[PDB]
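Worksheet for the structure shown next.
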Amino acid sequence: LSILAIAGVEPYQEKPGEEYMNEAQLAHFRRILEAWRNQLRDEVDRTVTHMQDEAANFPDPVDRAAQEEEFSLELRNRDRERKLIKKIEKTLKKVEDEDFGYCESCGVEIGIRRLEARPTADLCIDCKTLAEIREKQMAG
Amino acid sequence: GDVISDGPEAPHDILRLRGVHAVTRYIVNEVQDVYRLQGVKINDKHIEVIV
Amino acid sequence: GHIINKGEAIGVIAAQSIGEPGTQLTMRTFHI
Ligand SMILES: [Zn+2]
């Protein structure tokens, strides 16, 4: 996953008698979270330089709509990344507060290998899936 | 004129609590932020006449 | 390039300058 690639971090590997959440593990997710955060910061920052050049040059009436189309895709995504960064920052608070690795609904613990894919996971598969079901029913 | 909570603040305050020159500087930079984010050069002079 | 002359109607020319590039801004609601 290019996420695991961005940091010089390798998937962890819980050893036989390793205690659950230890110092080495929180140091592991911190590097990934900062690197992921540092990569996201570069995407919002870069994007803008291209964005500033297009808005300065005035398109022809015919290509305003074609030029604008590429601008809208970028814009929407950026706000999601801002949300992602805010979710990462929120997840980064869970490490410092020593409350990382467990389901937020029920006290159940979230998998170690599960956290390496998406370190920002907040719930276990049971509570998370149930939540998505309630969603489709409470929404539509 | 200090920040007693966070979040964006209303320009109505800035003029009242911080000064005529304070609110004018708030606008010019926060409007230019949108234009200058888009690479558009509009000399502050103009935005000031609106102010 | 010289200084502004007496009588030039700067209010209008100010307004125009701001409103012309308005076509180049995103009228959705960008959020940085
Ligand atoms: Zn659960």
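Letters for chains follow the order of the structure tokens (A, B, ...), residue numbers begin at 1 for each chain, and ligand numbers begin at 1 in the order shown.
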
Practice problem: Kindly work out which residues sit at most 6 Å from ligand 1, using only C-alpha atoms and all ligand atoms, and give the list as a list in words. | Solution: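 Residues satisfying the distance criterion: residues 103, 105, 106, 108, 123, 124, 126 and 127 of chain A.
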
For those residues, write N, CA, C and O atoms to a file as a PDB file, in the first residue's frame.
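Generated output (selection-v4.pdb):
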```
ATOM      1  N   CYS A 103     -12.215  -0.775  20.350  1.00  0.00           N
ATOM      2  CA  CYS A 103     -13.470  -0.337  19.750  1.00  0.00           C
ATOM      3  C   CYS A 103     -14.087   0.786  20.579  1.00  0.00           C
ATOM      4  O   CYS A 103     -14.092   0.729  21.812  1.00  0.00           O
ATOM      5  N   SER A 105     -17.321   1.712  20.564  1.00  0.00           N
ATOM      6  CA  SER A 105     -18.678   1.408  21.019  1.00  0.00           C
ATOM      7  C   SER A 105     -18.645   0.439  22.194  1.00  0.00           C
ATOM      8  O   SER A 105     -19.182   0.720  23.271  1.00  0.00           O
ATOM      9  N   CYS A 106     -18.018  -0.711  21.987  1.00  0.00           N
ATOM     10  CA  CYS A 106     -17.828  -1.755  22.979  1.00  0.00           C
ATOM     11  C   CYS A 106     -16.345  -1.808  23.324  1.00  0.00           C
ATOM     12  O   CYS A 106     -15.497  -1.451  22.504  1.00  0.00           O
ATOM     13  N   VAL A 108     -14.261  -4.023  23.245  1.00  0.00           N
ATOM     14  CA  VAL A 108     -13.477  -4.952  22.423  1.00  0.00           C
ATOM     15  C   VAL A 108     -12.246  -4.277  21.817  1.00  0.00           C
ATOM     16  O   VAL A 108     -12.285  -3.095  21.461  1.00  0.00           O
ATOM     17  N   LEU A 123     -13.747   1.712  15.034  1.00  0.00           N
ATOM     18  CA  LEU A 123     -14.603   0.641  15.528  1.00  0.00           C
ATOM     19  C   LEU A 123     -14.187  -0.726  15.007  1.00  0.00           C
ATOM     20  O   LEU A 123     -13.429  -0.854  14.042  1.00  0.00           O
ATOM     21  N   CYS A 124     -14.703  -1.753  15.681  1.00  0.00           N
ATOM     22  CA  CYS A 124     -14.520  -3.129  15.260  1.00  0.00           C
ATOM     23  C   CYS A 124     -15.489  -3.416  14.114  1.00  0.00           C
ATOM     24  O   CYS A 124     -16.439  -2.665  13.880  1.00  0.00           O
ATOM     25  N   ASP A 126     -17.841  -5.575  13.805  1.00  0.00           N
ATOM     26  CA  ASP A 126     -19.244  -5.726  14.187  1.00  0.00           C
ATOM     27  C   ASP A 126     -19.937  -4.378  14.373  1.00  0.00           C
ATOM     28  O   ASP A 126     -20.975  -4.115  13.754  1.00  0.00           O
ATOM     29  N   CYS A 127     -19.387  -3.508  15.225  1.00  0.00           N
ATOM     30  CA  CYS A 127     -20.028  -2.213  15.440  1.00  0.00           C
ATOM     31  C   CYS A 127     -19.996  -1.333  14.193  1.00  0.00           C
ATOM     32  O   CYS A 127     -20.971  -0.633  13.894  1.00  0.00           O
TER      33      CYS A 127
END
```

Practice problem: Select residues of chain A: the criterion is any atom within 12 Å of an atom of chain B, counting only C-alpha atoms; output as a ChimeraX atom specification. | Solution: /A:45,47-58,71

Exercise. Fewer than 6 positions away in the same chain doesn't count, so skip those; otherwise give me all residues within 12 Å of range 10-22 of chain B, counting only C-alpha atoms, as a list in words.
Key: residues 1, 2, 3, 28, 29, 30, 48 and 51 of chain B

Save the residues we just selected, N, CA, C and O atoms, as a short mmCIF file (atom, residue, chain, number, x, y, z; two decimals), in the first residue's frame?
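Resulting contents of out-v4.cif:
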```cif
data_model
loop_
_atom_site.label_atom_id
_atom_site.label_comp_id
_atom_site.auth_asym_id
_atom_site.auth_seq_id
_atom_site.Cartn_x
_atom_site.Cartn_y
_atom_site.Cartn_z
N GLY B 1 -10.14 43.55 22.69
CA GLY B 1 -9.91 43.08 21.34
C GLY B 1 -9.13 41.79 21.26
O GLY B 1 -8.52 41.52 20.22
N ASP B 2 -9.14 40.98 22.32
CA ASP B 2 -8.53 39.66 22.35
C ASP B 2 -9.54 38.58 21.97
O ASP B 2 -10.75 38.78 22.01
N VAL B 3 -9.02 37.40 21.65
CA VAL B 3 -9.83 36.25 21.27
C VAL B 3 -10.26 35.50 22.53
O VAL B 3 -9.45 34.86 23.20
N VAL B 28 -9.00 43.28 3.62
CA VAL B 28 -8.14 43.29 2.43
C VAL B 28 -7.35 41.99 2.33
O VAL B 28 -7.14 41.47 1.22
N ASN B 29 -6.92 41.43 3.46
CA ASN B 29 -6.13 40.20 3.39
C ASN B 29 -7.03 38.99 3.17
O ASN B 29 -6.66 38.07 2.43
N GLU B 30 -8.22 38.98 3.77
CA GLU B 30 -9.09 37.81 3.68
C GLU B 30 -9.80 37.74 2.33
O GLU B 30 -10.16 36.64 1.88
N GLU B 48 -9.52 48.83 -0.93
CA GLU B 48 -9.61 49.88 0.08
C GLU B 48 -10.72 50.87 -0.24
O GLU B 48 -11.43 51.32 0.67
N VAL B 51 -13.78 49.49 0.92
CA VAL B 51 -13.81 49.57 2.38
C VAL B 51 -14.21 50.97 2.85
O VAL B 51 -15.01 51.11 3.78
#
```

Residues of chain C within 7 Å of chain B, counting only C-alpha atoms, what are they? List them as a tab-separated table (two decimals) with N, CA and C atoms, in the first residue's frame.
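After the write, result_9.tsv holds the following:
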```tsv
chain	number	residue	atom	x	y	z
C	11	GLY	N	-13.67	55.38	-8.02
C	11	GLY	CA	-14.60	54.44	-7.41
C	11	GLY	C	-15.02	53.37	-8.39
C	14	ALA	N	-12.08	51.15	-9.54
C	14	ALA	CA	-11.79	50.22	-8.46
C	14	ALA	C	-12.73	49.03	-8.56
C	15	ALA	N	-14.04	49.30	-8.61
C	15	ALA	CA	-15.04	48.25	-8.60
C	15	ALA	C	-14.79	47.28	-9.73
C	17	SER	N	-12.19	46.44	-11.40
C	17	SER	CA	-10.99	45.61	-11.30
C	17	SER	C	-11.25	44.38	-10.45
C	18	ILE	N	-12.02	44.54	-9.38
C	18	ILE	CA	-12.35	43.43	-8.50
C	18	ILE	C	-13.33	42.47	-9.16
C	25	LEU	N	-12.87	32.63	-10.13
C	25	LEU	CA	-13.03	32.05	-8.81
C	25	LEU	C	-14.05	30.93	-8.83
```

For the interface of chain C with chain A (cut-off 7 Å, counting only C-alpha atoms), please tabulate each contacting residue of chain C alongside its nearest pair of atoms and their separation in Å to one decimal, rows sorted by chain and increasing number, as a Markdown table.
```
| residue | atom | partner | partner_atom | distance |
| --- | --- | --- | --- | --- |
| C:24 | CA | A:55 | CA | 5.2 |
| C:30 | CA | A:75 | CA | 6.5 |
| C:31 | CA | A:79 | CA | 6.4 |
```

Exercise. Find the residues near residue 28 in chain A: any atom within 9 Å, counting only C-alpha atoms, skip ones fewer than 6 places away on the same chain, and give them as an MDAnalysis selection string.
Key: chainID A and resid 9:10 12

Self-check item: For CA of residue 32 in chain A and CA of residue 7 in chain A, the interatomic separation in Å (one decimal)
Solution: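 Distance between the two atoms: 5.6 Å.
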
Self-check item: Interatomic distance, CA of residue 87 in chain A to CA of residue 121 in chain A (Å, one decimal)
Solution: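 Rounded to one decimal, the two atoms are 9.5 Å apart.
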
Exercise. Give me every helix (DSSP H, G or I) residue in range 5-121 of chain A, going by DSSP on the backbone, as an NGL selection string.
Key: :A and (5-6 or 23-56 or 61-96 or 112-117)
